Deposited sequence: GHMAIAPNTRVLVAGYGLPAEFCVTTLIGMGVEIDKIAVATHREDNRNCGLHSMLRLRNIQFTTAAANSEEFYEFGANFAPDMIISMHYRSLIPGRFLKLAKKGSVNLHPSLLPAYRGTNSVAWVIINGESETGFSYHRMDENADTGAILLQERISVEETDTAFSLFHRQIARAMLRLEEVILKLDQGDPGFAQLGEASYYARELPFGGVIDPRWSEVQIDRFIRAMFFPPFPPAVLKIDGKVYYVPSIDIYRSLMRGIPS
């Protein structure tokens, strides 16, 4: 099992966090030993919210930088903090509340592909491999000792949509193991190699430059595929697949 009377704060959003809470209940962690920091109910975060309400699990939606959020942590007094797709930077003072520390899920092999749109940028740049990294957190983004990584092959037929969902699914299959490592106080290993980073913004503002090769265009199209967001644009109009691009 996990050490009894262990207190776990999950900071998270969506399925990953719903799945994490599920896993924790499965490892024996009591309800009063669990707490969730999240964001408001929306069309990705409804499962989490409906579970929090049904099972009466204490939670906050307060902003990560608010005194209300800090107090939610201090009143709970966690042993560990798990970040599952939490969308805001968690201040150092908050992370410091967790006496056994924390773990975040990042869908790249860090220090490669820090930032956001990792799954989109992996496809554009033509990577044959990506993966995910579970890592210990510090005050900074995507930094800290690696507890676990798994390599994910990128396919020629992958879109951002498919790679995003495979990222989640595969990452979940290693979560239990990761919580143990955190519980056992595994220090993990330092990040190393060639670090890269990519921004909030939508790659090339979602528009296809026609001076690119057919190979890069196809990749851009695939990386911009993410329903219900609009797909890539050509100018001459809307291009969700290479066939439709070949039709034009």
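Legend entry - Regions left out of the model, expressed as runs of the deposited sequence counted from 1: Several stretches lack coordinates - namely 1 to 3, 240 to 243, 256 to 261, in sequence order.
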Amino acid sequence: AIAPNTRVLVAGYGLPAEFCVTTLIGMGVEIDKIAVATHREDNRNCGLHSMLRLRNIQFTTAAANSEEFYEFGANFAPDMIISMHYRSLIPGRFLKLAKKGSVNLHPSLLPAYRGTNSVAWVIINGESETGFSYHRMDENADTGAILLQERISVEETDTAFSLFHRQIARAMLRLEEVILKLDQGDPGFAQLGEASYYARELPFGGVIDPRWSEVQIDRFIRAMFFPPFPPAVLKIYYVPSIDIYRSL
From here on, numbers count along this sequence of modelled residues.
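Inset, instruction - Higher average CA B factor in the deposited record is what I'm after, so tell me if that's 63 to 71 or 202 to 210. - result: Looking at the recorded C-alpha B-factors, 202 to 210 comes out higher on average.
Legend entry - Mean temperature factor over C-alpha atoms, higher-scoring stretch between 187 to 195 and 24 to 32: 187 to 195 has the higher mean C-alpha B-factor.
Inset, instruction - Using the entry's values, work out which of 158, 79, 138, 177 has the largest Cα B factor. - result: Comparing C-alpha B-factors across 158, 79, 138, 177, the maximum falls on 138.
Inset, instruction - Using the temperature factors in the entry, find which of 99, 106, 165, 93 has the highest value at its Cα atom. - result: Of 99, 106, 165, 93, 99 has the highest C-alpha B-factor.
Legend entry - residue 16, C-alpha B-factor rank within chain (lowest, middle or highest third): According to the entry, residue 16 has a C-alpha B-factor in the chain's lowest third.
Legend entry - Assigned third (lowest, middle, highest) for the C-alpha B factor of residue 234: Highest third of the chain for residue 234's C-alpha B-factor.
Legend entry - residue 48 CA temperature factor, ranked by third within the chain: Its C-alpha B-factor belongs to the lowest third of this chain's values.
Inset, instruction - Would you mind checking where the Cα B-factor of residue 37 ranks among the modelled residues of its chain, as the lowest, middle or highest third? - result: Lowest third of the chain for residue 37's C-alpha B-factor.
Inset, instruction - Divide the modelled residues of the chain into thirds by Cα B-factor and specify which third, lowest, middle or highest, holds residue 57. - result: Lowest third - that is where residue 57 ends up once the chain's C-alpha B-factors are sorted.
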